[PDB]
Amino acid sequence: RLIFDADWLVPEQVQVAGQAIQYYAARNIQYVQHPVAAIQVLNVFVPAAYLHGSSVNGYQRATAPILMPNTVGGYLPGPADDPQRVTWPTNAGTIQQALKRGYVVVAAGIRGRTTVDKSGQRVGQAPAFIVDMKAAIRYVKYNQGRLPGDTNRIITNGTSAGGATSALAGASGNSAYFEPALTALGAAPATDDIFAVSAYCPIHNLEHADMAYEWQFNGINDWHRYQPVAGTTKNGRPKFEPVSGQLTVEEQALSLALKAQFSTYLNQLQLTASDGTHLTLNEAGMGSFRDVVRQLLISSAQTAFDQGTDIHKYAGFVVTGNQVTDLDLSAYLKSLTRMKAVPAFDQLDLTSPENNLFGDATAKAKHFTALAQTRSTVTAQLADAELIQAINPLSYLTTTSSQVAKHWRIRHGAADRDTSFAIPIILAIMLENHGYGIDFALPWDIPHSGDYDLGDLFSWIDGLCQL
């Protein structure tokens, strides 16, 4: 089975800026033979021209890129998207623009940490999210020819946890680690390596995210964030309430310890400059690597200033003429503010989204770092090291065990405090160090979000496929 039938494609149209976008849709397609959750279906959207042997933006049915966006956030379930969807979470606007650009779009539903089967058993914890993304990719590739588009031009996209999903799909192509799970689900007999990766603020490298967060925010003892509460705003988005707090002495001590250990972690990665020089951090969190973070923020400010943006908002920058000449990084960070407490990801009481992600058939949640396991304030288990490694995109760049996508586009807002800037920077440099194509940027004053630069994203995609 799992044979795509073009007859399932039905005509639809959406108005995009006074202009009508004609396309065809095939929805709620089960992409595995033995699904365990209703969310495991995908939707296919095709520009109308591809049913007429015509072209769009230079692409045809046989050559159109296949964009595979996901709606995963907080490592929660991500329902199959639709260009006509308006309910949160959705990137419907992106699909609309993608169709207009001539891309075929396959939006797959992905299991999340709260997904339970018919009996109430948790079936969406790690590595369910990536197993589903891979199953969806295999479905698409297995159906080359039957499905419009070029299955050799699959480009994943996602934001936050969804960005990590996209990155992981590109990094772990055809990894044997996931074969047992895919076999159980009865996924299509095809490969799952992809062409390119698009990822916005990928919340990945979770087992080292606590150290990175404290390297960045140590010394800033007040945190500020918004927690979802009962009720929803427009289109199903949960209502939020501002919450803040002060780190206890114990948390401040934990923070310093995490920051200190980040130097060791960072140094052992052996990240290098274009000339082979090793980037490092000293015992105080200062050094060549810190310089990179500072410089990236200076570049971010420069780019915005050059485009007419008033960069006098956050403290720390020094401006000479029309040039941003320096930055007091500590001042900027204090101005930006700390969002999460300590640890930011592996909470001692197992209450974070990541703790829940690492739970399994037995435990609702688990720790995923030796530090939090050792200092756990509740009865807890430490997640399997092999599993932690398997869902970290970086693992595939240090050890050969998969076919890695050759093209990457990563973005993380300069005002995004959901994870340290060091996290996406490490990914970007490691990719460059291993010869992969990487387009990276830290967009000025952009919060935790994604799909805010479609003009540039689509330009990058067209450059890879056509240009």
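Residue numbers run from 1 along the displayed sequence.
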(Q) If you average the CA temperature factors as listed in the entry, which stretch comes out higher, 249 to 257 or 205 to 213? (A) 249 to 257
Q) Got a sec? Mean C-alpha B-factor, which is higher, 155 to 163 or 313 to 321? A) 313 to 321
Q. Per the coordinate record, which of the options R411, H407, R417, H34 holds the highest CA temperature factor?
A. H34
Q) Among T398, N70, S402, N43, where is the Cα temperature factor highest, going by the PDB entry? A) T398
Q. For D192, does the deposited CA B-factor place it in the lowest, middle or highest third of the chain?
A. lowest
**Q.** Chain third (lowest, middle, highest) by recorded CA B-factor, residue given as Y139
**A.** middle
(Q) Among the modelled residues of this chain, does the Cα B factor of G120 put it in the lowest, middle or highest third? (A) highest
(Q) Sorting by Cα B-factor within the chain, modelled residues only, which third would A62 end up in: lowest, middle or highest? (A) highest
Q. Thinking about Cα B factors across the chain, which third does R375 belong to?
A. highest
